[PDB]
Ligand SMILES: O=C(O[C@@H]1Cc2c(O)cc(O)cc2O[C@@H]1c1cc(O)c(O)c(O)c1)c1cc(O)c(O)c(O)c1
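Take a look at this single chain, the form solved without the ligand, given in structure tokens.
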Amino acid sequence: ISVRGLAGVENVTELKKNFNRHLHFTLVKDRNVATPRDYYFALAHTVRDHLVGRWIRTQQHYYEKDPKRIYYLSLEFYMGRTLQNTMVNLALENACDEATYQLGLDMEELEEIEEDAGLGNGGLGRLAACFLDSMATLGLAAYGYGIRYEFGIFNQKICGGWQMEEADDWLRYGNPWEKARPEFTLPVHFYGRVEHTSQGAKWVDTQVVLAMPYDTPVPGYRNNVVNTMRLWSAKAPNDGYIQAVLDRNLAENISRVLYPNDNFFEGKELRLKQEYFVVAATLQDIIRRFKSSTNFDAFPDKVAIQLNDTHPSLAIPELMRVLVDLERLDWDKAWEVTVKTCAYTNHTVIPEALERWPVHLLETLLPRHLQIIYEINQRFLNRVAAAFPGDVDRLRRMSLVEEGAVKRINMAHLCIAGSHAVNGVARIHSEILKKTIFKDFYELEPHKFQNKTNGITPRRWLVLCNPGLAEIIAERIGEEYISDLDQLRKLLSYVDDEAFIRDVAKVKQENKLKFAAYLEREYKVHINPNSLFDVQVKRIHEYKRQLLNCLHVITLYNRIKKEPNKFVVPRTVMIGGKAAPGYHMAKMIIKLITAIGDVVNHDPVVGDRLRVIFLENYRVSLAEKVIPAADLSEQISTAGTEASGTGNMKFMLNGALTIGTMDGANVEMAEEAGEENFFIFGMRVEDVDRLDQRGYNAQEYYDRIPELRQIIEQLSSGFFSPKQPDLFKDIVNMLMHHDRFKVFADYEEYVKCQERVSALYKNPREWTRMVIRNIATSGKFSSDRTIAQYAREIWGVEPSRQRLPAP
């Protein structure tokens, strides 16, 4: 049926009986009242049972061997569903498929019942999830530490073409994958004041909040390793009577909901609390575990802490506090230890996203940390002054403390000073960090800066979501590639294979028919599966330029209306993604997209030649559906703005061709497959700079491109908003007078490049041959490679593909 593992007779028999056991004793049901949901739970519990043995031995192994431990701190872990992923990594997929079949059930139907663990916004959260999977697969003693939000990323509903946010109550029916561990609850302190007494400072009169951990297993791919992801939950201590207990919820609000802010840094107190909460509980856990393994000289040899962005940056001053205040280590010794164990990863260069906490906030909530931060700053600036004597301006630029309206702490500067390694997430992004944003720091300590180009896990993003494609590949080169993606290169020798070409093209057509069906089943819309599937799915941001895509779509529509009887390659263009609740422009763009579809999708002259569809509630489980069905992947951010991107890598691995700018990882992807096999266009980072020196004037482009001018006039006159003629004045206004992302500047080259895409699509054989060359060269983008580099170049540990001594 596929290489989803063997379906042993004894194995299938055992599975079936355990399914019935759980249905009875665990769910307390019987075949006569069980709903599909109960069936899903019976299966989840049966599968989950196979993890227990491995989980216990893995943790036991690490105890005996005592290897260096990797702690990945993130406020986000975009996990998605875990039933199928668990079956895959355990080689249980076919056995469970058979067993449920014999029990008279459809496994695929049951899998659709599981809720997505949406504890992330997008790329950054999903990277942590892919990293966890790779770390387990490479046998690293790694622990993912975060917050267990009871409400993850909101569920997106489109009402009248507008986005509506709805609470994502993912724990409503329970989470069978987690294991509450109240025996390990730890106390976290807030507020209070600092007392300076004879022997050291003392943080007193603090308000206490408890951190209760919940452990979720993270299985490696067929190696019997099961690592742990520990998520903290806020609990009030039990020490008007009614009001007093009702007010417990104020302390527990800390882990209540994931902040959905993608673009702008707000600076809310609840978020700072969430950040200290995960940091404070995690460090106690880390040190406790270390004390078991007091000379902290060996701390860095046994501990590695990776900070996913600046969100968990308080780990630096908190490690110092514990080491200096509680362990009584001298400052210098404590600082040496801290720097050697901490490493920081940056994910963007846009200023509005940078965390710059008001000093008055830190002063009230974490008084001792502010004192430590000031001391760190003092000593750091003393180092700078000694290296660049008299460079008074460098001193103010490099300070962790920013003066002005209100004093703030630049968390990024804090992270650089307190880490032995700082990395970008794509070659071009890492270069930009050295050349611009962190130039001063790079000059001071060049050795700290590195690059670790992002990657995605081939298990979830190939084997799991595209079994058909994974099968035909395995049919030719074997299975070894699933944990060694570079082997995909061997597929180059089949680029002229008439059989393979036919197969590659066949799985894509099956994937498109499957998606086209799902679109009607759960959303009733109907699309032509013979058209080119043009998709752009990712969070809505101005820098991602969904607007540029919109301009092209309107252009295509305008050309058809001009020459109705001229042939054009049919296209179904799908755009999907969530907008941060307070991001007005982003919400206005979602409205534009739906407004375009209302005109285009109901124009009789257009027929089934052009369809504009907005994919509702884009999330991990939906991505697993659309991506394998896409023909064209849109990665069109303004050069220099997308640090890396990862959706781009997911499309490449699944047989879609890419049209994009030389931004983020796009650069390395084109470099791997060859620019001839990529649809590159638009300004490069340098062209953007040149335009900036000159001054970007959108009017110029409006005046010289008739097709563009016509589009803008359609928007202004209410062509796409009859009842509300001026509905889109904000978008037009932005495009013409304050477009930081130069949408117009790339319009002409984008449209022309899109014409070349349509031309190639007209030649099935050649389109597929180009696809084969993309899939065959996507090996570099596996997160196994990324993690192997982090392991070797930052953490100081050697990855191992050695199977663990059976379960």
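Numbering starts at 1 and runs along the sequence shown.
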Exercise. In the deposited sequence, how many residues between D332 and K333 have no modelled coordinates (none, 1 to 3, 4 to 9, 10 or more)?
Worked result: none
Problem set entry | Deposited-sequence gap flanked by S293 and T294 | 4 to 9
Exercise. Which wins on mean Cα temperature factor, 79-87 or 154-162?
Worked result: 154-162
For this session: Would you mind comparing 560-568 and 138-146 for me and telling me which has the higher average C-alpha temperature factor in the entry?
Result: 560-568
Exercise. So among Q450, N249, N666, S233, who wins on Cα B-factor in the entry?
Worked result: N249
Exercise. If you compare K729, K650, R619, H429, which has the highest Cα B-factor in the entry?
Worked result: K729
For this session: Just say lowest, middle or highest third for the CA B-factor of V425 relative to the other modelled residues in its chain.
Result: lowest
Seminar exercise, completed: By the entry's values, the third containing the CA B factor of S782 is the lowest
Exercise. C-alpha B factor of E111, ranked within the chain: lowest, middle or highest third?
Worked result: middle
Exercise. What third of the chain, by the recorded C-alpha B-factor, contains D503?
Worked result: highest
For this session: Looking at the entry's B-factor column for C-alpha atoms only, identify whether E634 ranks in the lowest, middle or highest third of its chain.
Result: lowest
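Although not depicted, the form deposited with the ligand bound is the subject of the following passage.
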Exercise. Taking heavy atoms and a 4.5 Å cut-off, does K439 contact the ligand in the deposited complex?
Worked result: no
Problem set entry | 4.5 angstroms heavy atom contact with the ligand in the deposited complex for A517 | yes
Exercise. Counting only non-hydrogen atoms and a 4.5 angstroms cut-off, does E522 reach the ligand in the deposited complex?
Worked result: yes
For this session: Examine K562 and determine whether its closest non-hydrogen atom to the ligand in the deposited complex is within 4.5 angstroms.
Result: no
Exercise. Can all three of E109, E112 and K625 be found with a heavy atom no more than 4.5 Å from the ligand in the deposited complex?
Worked result: yes
Exercise. Hey, of 687-695, 508-516, 526-534, 597-605, which bit sits against the ligand in the deposited complex at 4.5 Å between non-hydrogen atoms?
Worked result: 508-516
